[PDB]
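Only one chain is shown below, in structure tokens, and it's the form deposited in one PDB entry.
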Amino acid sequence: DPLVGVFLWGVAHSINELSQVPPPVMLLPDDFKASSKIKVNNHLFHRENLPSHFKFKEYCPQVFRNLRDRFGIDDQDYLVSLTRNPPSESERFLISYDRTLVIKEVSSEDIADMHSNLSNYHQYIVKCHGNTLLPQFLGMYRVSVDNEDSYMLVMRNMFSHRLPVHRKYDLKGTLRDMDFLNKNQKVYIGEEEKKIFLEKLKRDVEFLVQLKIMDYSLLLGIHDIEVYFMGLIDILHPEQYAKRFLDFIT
């Protein structure tokens, strides 16, 4: 597949030309308008993998990089754990070979709103220090292949790269939260450790609030031996259905 092969190509090129770039301490406006696009034209050259003609572009190269740092994520690893190897197809979900990250295909508009919520996003990243149940966003690119566009999003996988999920629902208010009734879900893992979680949950959704962020769901998984994996997923009146959520997951 070109596109996925173009993707990586781009991930590497940029991340290595980015490295050659000193990180600013303070994100200026222009950095949120900043971009990086390459066009690759080959007549009778390469073609062993990536199309003779393609395009690539990373959005806010410094903005999402700065988030990577905020996400305690080194770029060398981010690359090696991205390019060293091919990913697997899922569902346009794509688990890294490391199974540490999640590549999802997105829409032309989704990116924009991303670019819109963007300036707000990092504000929260810094303040709460990138630990929320929210999806950690590190990668946002666009892969054109023979006049074909496709934007992808790269984030940390909520599930474990190692411990396999045997149970997994999408809590709202792969069976959805409508079949979680009769089974009698377990609202107990520990008062203390649960508090911290419940803490995040409330603030994270107070944040979604301020953006007018439409209907969102929560992904909870389990790895029985039982381990759990949980965080909001579908983050792309609200106040009315909102008090349904935190309460529903309660």
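Numbering starts at 1 and follows the sequence shown.
Engineer: Can you tell me how many deposited residues have no coordinates between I225 and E226? The categories are none, 1 to 3, 4 to 9, and 10 or more.
Structural biologist: 10 or more residues are missing.
Engineer: Mind giving me a quick count class for deposited residues absent from the model between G130 and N131? Options are none, 1 to 3, 4 to 9, 10 or more.
Structural biologist: Per the record, no deposited residues are absent between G130 and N131.
Engineer: Where do the C-alpha atoms have the higher mean temperature factor in this entry, in 58-66 or in 215-223?
Structural biologist: Comparing 58-66 with 215-223, the higher mean C-alpha B-factor belongs to 215-223.
Engineer: Could you settle it for me: does 237-245 or 18-26 have the higher average Cα B factor in the PDB entry?
Structural biologist: Between 237-245 and 18-26, it is 237-245.
Engineer: Please work out which residue in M178, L134, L101, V126 has the highest C-alpha B-factor recorded for this crystal structure.
Structural biologist: In the PDB entry, the greatest C-alpha B-factor among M178, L134, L101, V126 is found at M178.
Engineer: State the tercile, meaning the lowest, middle or highest third, of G139 with respect to the CA B-factors recorded for its chain.
Structural biologist: Its C-alpha B-factor belongs to the lowest third of this chain's values.
Engineer: Looking at the entry's B-factor column for C-alpha atoms only, identify whether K200 ranks in the lowest, middle or highest third of its chain.
Structural biologist: As the PDB entry reports it, the C-alpha B-factor of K200 lands in the middle third of its chain.
Engineer: Relative to the other modelled residues in the chain, which third contains the C-alpha temperature factor of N49: lowest, middle or highest?
Structural biologist: Middle third of the chain for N49's C-alpha B-factor.
Engineer: So where's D77 on the chain's Cα temperature factor ranking, which third?
Structural biologist: Within its chain, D77 is a lowest-third residue by C-alpha B-factor, going by the deposited values.
Engineer: Rank-wise, by C-alpha B-factor, drop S108 into the lowest, middle or highest third of its chain.
Structural biologist: Ranked within chain, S108 CA B lands in the middle tercile.
If you look for the form deposited with a small molecule bound, you will not find it shown, but the lines that follow are about it.
Engineer: Taking heavy atoms and a 4.5 Å cut-off, does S150 contact the small molecule in the deposited bound form?
Structural biologist: Close contact is absent here: in the deposited bound form, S150 is far from the small molecule, nothing within 4.5 Å, heavy atoms only.
Engineer: Heavy atoms within 4.5 Å of the small molecule in the deposited bound form: does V11 have any?
Structural biologist: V11: no, not in contact with the small molecule in the deposited bound form.
Engineer: Given that the small molecule is not shown alongside this chain, does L138 nevertheless sit within 4.5 Å of it in the deposited bound form, heavy atom to heavy atom?
Structural biologist: Close contact is absent here: in the deposited bound form, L138 is far from the small molecule, nothing within 4.5 Å, heavy atoms only.
Engineer: I'd like to know if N157 sits close to the small molecule in the deposited bound form, meaning any non-hydrogen atom pair within 4.5 angstroms.
Structural biologist: Heavy-atom contact with the small molecule at 4.5 Å: present for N157.
Engineer: Have a look at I222, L27, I38, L219 for me and say which one sits with a heavy atom within 4.5 Å of the small molecule in the deposited bound form.
Structural biologist: That would be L219.
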